[PDB]
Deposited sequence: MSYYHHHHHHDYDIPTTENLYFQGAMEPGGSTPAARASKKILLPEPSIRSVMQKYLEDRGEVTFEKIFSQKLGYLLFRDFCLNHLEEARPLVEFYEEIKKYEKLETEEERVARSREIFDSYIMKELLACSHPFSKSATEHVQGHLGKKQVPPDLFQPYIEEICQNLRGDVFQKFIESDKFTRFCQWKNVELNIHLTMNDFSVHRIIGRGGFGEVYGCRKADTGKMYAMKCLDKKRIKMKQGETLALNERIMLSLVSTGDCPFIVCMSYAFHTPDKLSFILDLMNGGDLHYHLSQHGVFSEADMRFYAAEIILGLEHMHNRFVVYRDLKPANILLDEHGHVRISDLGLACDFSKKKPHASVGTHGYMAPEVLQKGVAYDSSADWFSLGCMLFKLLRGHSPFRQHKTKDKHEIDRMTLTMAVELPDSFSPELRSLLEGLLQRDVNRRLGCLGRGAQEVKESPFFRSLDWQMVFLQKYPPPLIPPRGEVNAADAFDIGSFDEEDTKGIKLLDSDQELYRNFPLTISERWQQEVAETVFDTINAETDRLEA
């Protein structure tokens, strides 16, 4: 069930289609992964059209004593970094190269076979109509109120995914349409930018009787389950999870989304032990209007979320992180003392209770927790103006390189062990394919091999 590119004859209609939408510009095509890759290859076949690139690639062949794959790597790693797609002496020279690249070389690209190939891939993208036959479904890996989550392979590329499959009957029966759709909106806002610390969405589709989210596969269970098996974590182990989560929150806050349900059961591990924030059903967009409602899990909600009538924003999440990091070190939320099932008492504690930190805690850790758990939003870490940057700058993360955190170069502390009619109208607009995600999927699976096969035909 693999991919078949349409024949080159679609070029005229496709080129015109995109021109009418003003999408045949350097900024539009170059910022797409598949556009970048094909434009890169065009440049590399016709280096003469970019004066500085000829001499450079002539010198590298002599320096490395080569026998094509290097050309691509050097373009991606070195050339792109130096040109970027604090004042620099070479600024006018960077502009000259880039102006030639986005003008005369782009134009010649538009007129070449390589743009015909971009039109073919782009046509396939606009023809995505996902059903359950496009996936091969394996075992259950998660359960919830309206449905469950399965492991699966998408047939045409072979990429493994998680398929969150909500049952429409059960949604109707429990009167939770608004929240199922909220998850779809929230995922849509968050799943751009390619972030490694959030369980993002690639596709959404629906059947007669099921809503389906295709999501990043997280195979290794959640931090709640692992905390009960491992026991509490040291400061060194918790730092790893904290750093990765702080970057997940930064990403969400940058897109004006408060998450509101930050807690260990909502932190999933992959098979390597790296983590992502999952379940955005309770998250809220705060770009237009700030939410007031008390939403979350009781030992994890911030004072401003609980206080009656007070508006709140991303500030909530930093407090929730404070509660959650304490839970990883101590086995319980700070404001749930003796495994209480008294929600009123937990909330009173959240506002009034002085959190007693043991001597074993380092002063650096105390600084962090006392910062995150500030009850006034005006004095809390993360809320003084500069967001996640203020939290990264804590002395608990003194020795971390945040670039390496982002790139996932730090070793994880725990490696999981291997092994009616009107109602259907509500779910129109539910189908979505996030372009960036599909292109990334194609790039990393079958792009090269389909291009070679097509080139032969």
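Gaps between the deposited sequence and the modelled structure occur at positions 1 to 38, 106 to 110, 129 to 150, 485 to 507, 546 to 547.
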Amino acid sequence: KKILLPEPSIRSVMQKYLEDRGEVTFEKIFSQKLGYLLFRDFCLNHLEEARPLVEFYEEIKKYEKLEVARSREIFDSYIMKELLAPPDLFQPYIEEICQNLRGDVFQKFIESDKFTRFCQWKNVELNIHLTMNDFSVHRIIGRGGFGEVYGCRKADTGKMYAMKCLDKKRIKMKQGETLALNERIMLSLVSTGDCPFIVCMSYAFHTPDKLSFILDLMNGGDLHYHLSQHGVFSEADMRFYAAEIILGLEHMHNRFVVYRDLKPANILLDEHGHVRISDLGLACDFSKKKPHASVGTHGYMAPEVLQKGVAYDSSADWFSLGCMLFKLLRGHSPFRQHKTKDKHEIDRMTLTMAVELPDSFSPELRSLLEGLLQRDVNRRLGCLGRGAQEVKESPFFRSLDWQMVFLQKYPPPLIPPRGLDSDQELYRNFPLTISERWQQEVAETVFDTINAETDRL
From here on, numbers count along this sequence of modelled residues.
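Per the PDB record, of the two stretches 376 to 384 and 270 to 278, 376 to 384 carries the greater mean B-factor over its C-alpha atoms. Stretches compared: 42 to 50, 406 to 414. Higher mean C-alpha B-factor in the entry: 42 to 50.
By the numbers in the PDB entry, the CA B factor is greatest at 208 among 264, 248, 208, 371. Out of 162, 189, 302, 140, it is 140 whose C-alpha atom has the highest B-factor in the PDB entry. Among the modelled residues of its chain, residue 26 has a C-alpha B-factor that falls in the middle third according to the deposited record. Placement of the Cα temperature factor of residue 309 within the chain: highest third of the modelled residues, per the deposited record. Ranked against the other modelled residues of its chain, the C-alpha B-factor of residue 433 as given in the entry falls in the middle third. Sorting the modelled residues of the chain by their CA temperature factor places residue 174 in the highest third. Residue 338 sits in the highest third of its chain by CA B factor, as recorded in the PDB entry.
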